Amino acid sequence: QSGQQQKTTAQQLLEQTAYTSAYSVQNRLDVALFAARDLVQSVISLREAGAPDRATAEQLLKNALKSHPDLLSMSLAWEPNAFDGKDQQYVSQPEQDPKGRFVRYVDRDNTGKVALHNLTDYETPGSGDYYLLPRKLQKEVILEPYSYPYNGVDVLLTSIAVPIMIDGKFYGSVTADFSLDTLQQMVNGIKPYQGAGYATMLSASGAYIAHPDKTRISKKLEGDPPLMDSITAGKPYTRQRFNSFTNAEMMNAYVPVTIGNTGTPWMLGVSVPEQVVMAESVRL
Ligand SMILES: C[N+](C)(C)CCO
């Protein structure tokens with residue numbers, strides 16, 4: 001084999017590892033996507049049956065989180081009068097939204113018990129983007145990392161939001177949420193080539209989601225136009241070069257992570273020395 005044939009064979013093997021690594025992340029993320037889609041369908045059916053009960057929708061929301069231990073939280077939020085048409089009945093009741101909106105989320109307490117809460121920032125620009133973005137865009141959305149308090153501490157999280165669309169109109173939205181600690185666990189555990197390489201993940205905006213350097217989490221990618229352009233376009237990207245700083249021939253292969261119908265894929269990378277991939281091409 002010529003030097004270009006050997007490069008291609010290692011590059012093909014690496015690209016296959018990056019592809020199956022990206023799919024493993026997609027499978028874990030799909031737990032949130034499917035939970036949110038399934039709850040949306042369930043509450044559309046509940047509403048279609050007429051005179052829907054908030055307590056039943058709350059139970060469906062609690063059950064959805066209980067079924068998925070890896071999820072941080074889930075939320076269910078409706079437009080004014082869009083669930084039961086009865087918001088005004090709740091204004092004077094304790095511990096309701098000030099205008100009686102049906103706006104709830106669930107998390108777990110320190111015993112693992114699912115707990116129900118009111119959403120309070122769902123129309124606040126910034127913190128409320130988990131609701132404001134699917135309302136504006138009227139499609140599935142994956143949010144850039146943001147923090148919110150759970151059990152007295154700030155947790156850095158992402159949300160996959162699925163709008164409640166009926167006849168092409170927006171009635172509300174559901175999220176299923178992951179902590180970034182959970183996402184780092186998933187990526188840091190890939191351990192490509194039995195730990196001889198490492199995996200990284202970036203958001204659609206180029207923020208680090210997972211990286212061996214935990215000081216980078218949620219910071220933006222800098223000084224890599226080809227990679228950033230690939231993330232923006234949702235295209236795979238492979239590169240190989242001799243790193244004169246580390247004195248190793250290094251390979252990098254990036255594969256988009258598809259998230260439902262958001263159209264805004266994240267990006268999984270595998271970084272590994274060429275020698276490691278060549279040795280695996282032999283062990284074949
Ligand atoms: C994190 N919030 C609870 C504020 C919204 C997503 O569930």
# chains A, B, ... in the order shown; residues from 1 in each chain; ligands from 1
$ residues_near_ligand --ligand "ligand 1" --cutoff "12 Å" --atoms "only C-alpha atoms and all ligand atoms" --output "ChimeraX atom specification"
/A:32,36,61,65,71-77,103-108,115-124,126-132,142-143,145-151,154-162,173-179
$ residues_around --residues "residue 202 (chain A)" --least-positions-apart "3" --cutoff "8 Å" --atoms "only C-alpha atoms" --output "PyMOL selection string"
chain A and resi 205-210+266-268
$ write_last_selection --atoms "N, CA, C and O atoms" --output "PDB file, in the first residue's frame"
ATOM      1  N   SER A 205     -23.807  25.324  18.482  1.00  0.00           N
ATOM      2  CA  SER A 205     -23.154  26.628  18.518  1.00  0.00           C
ATOM      3  C   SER A 205     -21.647  26.542  18.727  1.00  0.00           C
ATOM      4  O   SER A 205     -20.984  27.585  18.790  1.00  0.00           O
ATOM      5  N   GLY A 206     -21.090  25.342  18.850  1.00  0.00           N
ATOM      6  CA  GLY A 206     -19.669  25.199  19.099  1.00  0.00           C
ATOM      7  C   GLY A 206     -19.244  25.265  20.553  1.00  0.00           C
ATOM      8  O   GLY A 206     -18.052  25.433  20.817  1.00  0.00           O
ATOM      9  N   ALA A 207     -20.171  25.129  21.502  1.00  0.00           N
ATOM     10  CA  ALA A 207     -19.812  25.055  22.914  1.00  0.00           C
ATOM     11  C   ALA A 207     -19.419  23.633  23.296  1.00  0.00           C
ATOM     12  O   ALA A 207     -20.075  22.669  22.899  1.00  0.00           O
ATOM     13  N   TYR A 208     -18.374  23.502  24.117  1.00  0.00           N
ATOM     14  CA  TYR A 208     -17.983  22.185  24.599  1.00  0.00           C
ATOM     15  C   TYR A 208     -19.020  21.606  25.550  1.00  0.00           C
ATOM     16  O   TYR A 208     -19.410  22.234  26.548  1.00  0.00           O
ATOM     17  N   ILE A 209     -19.470  20.400  25.228  1.00  0.00           N
ATOM     18  CA  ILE A 209     -20.370  19.632  26.075  1.00  0.00           C
ATOM     19  C   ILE A 209     -19.607  18.607  26.892  1.00  0.00           C
ATOM     20  O   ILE A 209     -19.937  18.352  28.053  1.00  0.00           O
ATOM     21  N   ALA A 210     -18.604  17.996  26.267  1.00  0.00           N
ATOM     22  CA  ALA A 210     -17.756  17.011  26.905  1.00  0.00           C
ATOM     23  C   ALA A 210     -16.354  17.134  26.346  1.00  0.00           C
ATOM     24  O   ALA A 210     -16.144  17.247  25.130  1.00  0.00           O
ATOM     25  N   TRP A 266     -25.618  18.245  17.001  1.00  0.00           N
ATOM     26  CA  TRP A 266     -24.411  18.440  17.781  1.00  0.00           C
ATOM     27  C   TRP A 266     -23.283  17.723  17.052  1.00  0.00           C
ATOM     28  O   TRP A 266     -23.454  17.242  15.927  1.00  0.00           O
ATOM     29  N   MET A 267     -22.108  17.631  17.675  1.00  0.00           N
ATOM     30  CA  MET A 267     -20.954  17.095  16.956  1.00  0.00           C
ATOM     31  C   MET A 267     -20.090  16.278  17.898  1.00  0.00           C
ATOM     32  O   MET A 267     -19.700  16.778  18.957  1.00  0.00           O
ATOM     33  N   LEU A 268     -19.800  15.028  17.539  1.00  0.00           N
ATOM     34  CA  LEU A 268     -18.941  14.157  18.340  1.00  0.00           C
ATOM     35  C   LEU A 268     -17.602  13.995  17.641  1.00  0.00           C
ATOM     36  O   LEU A 268     -17.560  13.709  16.440  1.00  0.00           O
TER      37      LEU A 268
END
$ closest_residue --among "A:192, A:3, A:163, A:223" --to "residue 44 (chain A)" --atoms "only C-alpha atoms"
A:163
$ select_by_dssp --residues "region 90-168 of chain A" --states "strand (DSSP E)" --output "VMD selection string"
chain A and resid 103 to 108 114 to 118 141 to 142 146 to 150 153 to 166
$ write_last_selection --atoms "N, CA and C atoms" --output "compact mmCIF listing (two decimals), in the first residue's frame"
# COMPACT_ATOMS: atom_id res chain seq x y z
N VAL A 103 -48.38 25.30 33.91
CA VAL A 103 -46.94 25.39 33.64
C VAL A 103 -46.20 24.65 34.74
N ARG A 104 -45.72 23.44 34.44
CA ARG A 104 -45.21 22.53 35.45
C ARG A 104 -43.89 21.92 35.03
N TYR A 105 -43.09 21.52 36.00
CA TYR A 105 -41.98 20.62 35.69
C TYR A 105 -41.80 19.64 36.83
N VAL A 106 -41.04 18.58 36.57
CA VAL A 106 -40.76 17.55 37.57
C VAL A 106 -39.26 17.35 37.66
N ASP A 107 -38.78 17.13 38.88
CA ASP A 107 -37.39 16.73 39.09
C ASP A 107 -37.41 15.64 40.14
N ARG A 108 -36.23 15.24 40.63
CA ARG A 108 -36.15 14.30 41.73
C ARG A 108 -35.48 14.98 42.91
N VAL A 114 -39.84 11.61 42.64
CA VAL A 114 -40.22 12.64 41.68
C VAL A 114 -41.05 13.71 42.38
N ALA A 115 -40.71 14.98 42.14
CA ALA A 115 -41.37 16.12 42.76
C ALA A 115 -41.90 17.07 41.69
N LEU A 116 -43.10 17.59 41.92
CA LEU A 116 -43.77 18.47 40.97
C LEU A 116 -43.63 19.92 41.41
N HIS A 117 -43.42 20.80 40.44
CA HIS A 117 -43.12 22.21 40.67
C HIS A 117 -43.81 23.06 39.61
N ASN A 118 -44.06 24.33 39.94
CA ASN A 118 -44.47 25.30 38.92
C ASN A 118 -43.26 25.85 38.17
N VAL A 141 -36.51 21.68 19.32
CA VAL A 141 -35.34 22.51 19.58
C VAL A 141 -34.47 21.79 20.59
N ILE A 142 -33.15 21.86 20.42
CA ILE A 142 -32.23 21.47 21.49
C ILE A 142 -31.52 22.73 21.96
N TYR A 146 -27.55 25.72 29.85
CA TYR A 146 -27.92 26.78 30.76
C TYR A 146 -28.09 26.15 32.14
N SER A 147 -28.13 26.99 33.18
CA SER A 147 -28.19 26.46 34.54
C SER A 147 -29.51 26.83 35.20
N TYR A 148 -29.94 25.98 36.13
CA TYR A 148 -31.17 26.22 36.88
C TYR A 148 -31.06 25.49 38.22
N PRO A 149 -31.71 25.97 39.28
CA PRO A 149 -31.54 25.34 40.60
C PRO A 149 -32.39 24.08 40.75
N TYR A 150 -31.77 23.04 41.29
CA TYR A 150 -32.45 21.81 41.71
C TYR A 150 -31.94 21.45 43.10
N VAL A 153 -29.06 23.63 44.53
CA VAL A 153 -27.80 23.83 43.83
C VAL A 153 -28.06 24.12 42.36
N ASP A 154 -27.15 24.86 41.74
CA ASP A 154 -27.29 25.17 40.31
C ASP A 154 -26.77 23.99 39.50
N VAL A 155 -27.61 23.47 38.60
CA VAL A 155 -27.24 22.37 37.71
C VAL A 155 -27.19 22.90 36.29
N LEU A 156 -26.06 22.67 35.63
CA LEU A 156 -25.90 22.99 34.21
C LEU A 156 -26.55 21.89 33.36
N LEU A 157 -27.46 22.28 32.45
CA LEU A 157 -28.31 21.32 31.76
C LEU A 157 -28.52 21.72 30.30
N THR A 158 -29.04 20.78 29.52
CA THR A 158 -29.66 21.09 28.24
C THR A 158 -31.09 20.55 28.26
N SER A 159 -31.89 21.03 27.30
CA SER A 159 -33.28 20.62 27.17
C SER A 159 -33.53 20.29 25.71
N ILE A 160 -34.25 19.20 25.48
CA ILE A 160 -34.83 18.95 24.17
C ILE A 160 -36.30 19.29 24.28
N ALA A 161 -36.76 20.23 23.45
CA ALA A 161 -38.13 20.73 23.53
C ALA A 161 -38.94 20.24 22.33
N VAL A 162 -40.13 19.74 22.61
CA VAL A 162 -41.03 19.27 21.55
C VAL A 162 -42.31 20.08 21.67
N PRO A 163 -42.64 20.90 20.68
CA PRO A 163 -43.85 21.71 20.79
C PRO A 163 -45.11 20.86 20.67
N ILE A 164 -46.15 21.34 21.35
CA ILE A 164 -47.48 20.72 21.29
C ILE A 164 -48.20 21.43 20.15
N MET A 165 -48.12 20.83 18.95
CA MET A 165 -48.74 21.40 17.76
C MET A 165 -50.03 20.66 17.45
N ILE A 166 -51.08 21.43 17.21
CA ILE A 166 -52.39 20.90 16.84
C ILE A 166 -52.89 21.73 15.66
$ atom_distance --atom1 "CA of residue 204 (chain A)" --atom2 "CA of residue 38 (chain A)"
24.5 Å
$ residues_around --residues "residue 198 (chain A)" --least-positions-apart "3" --cutoff "9 Å" --atoms "only C-alpha atoms" --output "MDAnalysis selection string"
chainID A and resid 187:188 190:193 195 211:212 269:272
$ write_last_selection --atoms "C-alpha atoms" --output "PDB file, in the first residue's frame"
ATOM      1  CA  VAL A 187     -18.941  10.811  26.287  1.00  0.00           C
ATOM      2  CA  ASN A 188     -15.981  10.474  28.667  1.00  0.00           C
ATOM      3  CA  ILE A 190     -16.762   6.071  25.163  1.00  0.00           C
ATOM      4  CA  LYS A 191     -12.981   5.656  25.539  1.00  0.00           C
ATOM      5  CA  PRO A 192     -12.208   5.092  21.838  1.00  0.00           C
ATOM      6  CA  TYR A 193      -9.527   2.476  21.138  1.00  0.00           C
ATOM      7  CA  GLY A 195      -8.699   4.627  26.052  1.00  0.00           C
ATOM      8  CA  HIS A 211     -14.017  17.265  26.896  1.00  0.00           C
ATOM      9  CA  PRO A 212     -11.251  15.784  29.073  1.00  0.00           C
ATOM     10  CA  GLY A 269     -15.191  13.983  17.830  1.00  0.00           C
ATOM     11  CA  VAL A 270     -12.645  11.212  18.276  1.00  0.00           C
ATOM     12  CA  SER A 271      -8.980  12.174  18.678  1.00  0.00           C
ATOM     13  CA  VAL A 272      -6.412   9.409  18.383  1.00  0.00           C
TER      14      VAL A 272
END
$ residues_around --residues "residue 255 (chain A)" --least-positions-apart "3" --cutoff "12 Å" --atoms "only C-alpha atoms" --output "PyMOL selection string"
chain A and resi 14-26+199-202+227+230-231+233-238+252+258+265-271
$ write_last_selection --atoms "C-alpha atoms" --output "tab-separated table (two decimals), in the first residue's frame"
chain	number	residue	atom	x	y	z
A	14	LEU	CA	-11.43	5.98	12.37
A	15	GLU	CA	-14.49	7.38	10.62
A	16	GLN	CA	-16.38	4.17	11.41
A	17	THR	CA	-15.45	4.47	15.10
A	18	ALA	CA	-16.59	8.08	15.13
A	19	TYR	CA	-19.86	7.11	13.42
A	20	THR	CA	-20.73	4.38	15.92
A	21	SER	CA	-19.60	6.62	18.78
A	22	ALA	CA	-21.88	9.39	17.52
A	23	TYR	CA	-24.76	6.93	17.33
A	24	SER	CA	-24.24	5.80	20.93
A	25	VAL	CA	-24.63	9.43	21.95
A	26	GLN	CA	-27.69	9.78	19.71
A	199	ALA	CA	-13.96	11.56	22.56
A	200	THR	CA	-15.29	15.13	22.69
A	201	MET	CA	-18.69	16.66	22.06
A	202	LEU	CA	-19.72	20.15	20.94
A	227	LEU	CA	-14.32	22.46	12.55
A	230	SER	CA	-18.49	21.73	9.85
A	231	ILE	CA	-20.58	22.07	13.03
A	233	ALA	CA	-23.25	22.83	8.34
A	234	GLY	CA	-23.79	19.55	10.20
A	235	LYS	CA	-21.15	17.80	8.11
A	236	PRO	CA	-18.56	15.22	9.14
A	237	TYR	CA	-14.98	16.44	9.23
A	238	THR	CA	-11.73	14.46	9.29
A	252	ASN	CA	-9.37	13.72	14.38
A	258	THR	CA	-28.67	13.99	14.90
A	265	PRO	CA	-27.06	18.56	15.10
A	266	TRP	CA	-24.41	18.44	17.78
A	267	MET	CA	-20.95	17.10	16.96
A	268	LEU	CA	-18.94	14.16	18.34
A	269	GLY	CA	-15.19	13.98	17.83
A	270	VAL	CA	-12.64	11.21	18.28
A	271	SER	CA	-8.98	12.17	18.68
$ closest_atom_pairs --of "region 84-107 of chain A" --to "region 48-54 of chain A" --cutoff "9 Å" --atoms "only C-alpha atoms" --output "JSON lines"
{"residue": "A:84", "atom": "CA", "partner": "A:52", "partner_atom": "CA", "distance": 5.9}
{"residue": "A:85", "atom": "CA", "partner": "A:51", "partner_atom": "CA", "distance": 8.8}
{"residue": "A:102", "atom": "CA", "partner": "A:54", "partner_atom": "CA", "distance": 7.7}
$ atom_distance --atom1 "CA of residue 241 (chain A)" --atom2 "CA of residue 221 (chain A)"
19.3 Å
$ closest_residue --among "A:94, A:134, A:112, A:225" --to "residue 69 (chain A)" --atoms "only C-alpha atoms"
A:112
$ select_by_dssp --residues "region 25-231 of chain A" --states "alpha helix (DSSP H)" --output "PyMOL selection string"
chain A and resi 25-48+54-66+129-137+180-188+225-231
$ atom_distance --atom1 "CA of residue 247 (chain A)" --atom2 "CA of residue 196 (chain A)"
15.9 Å
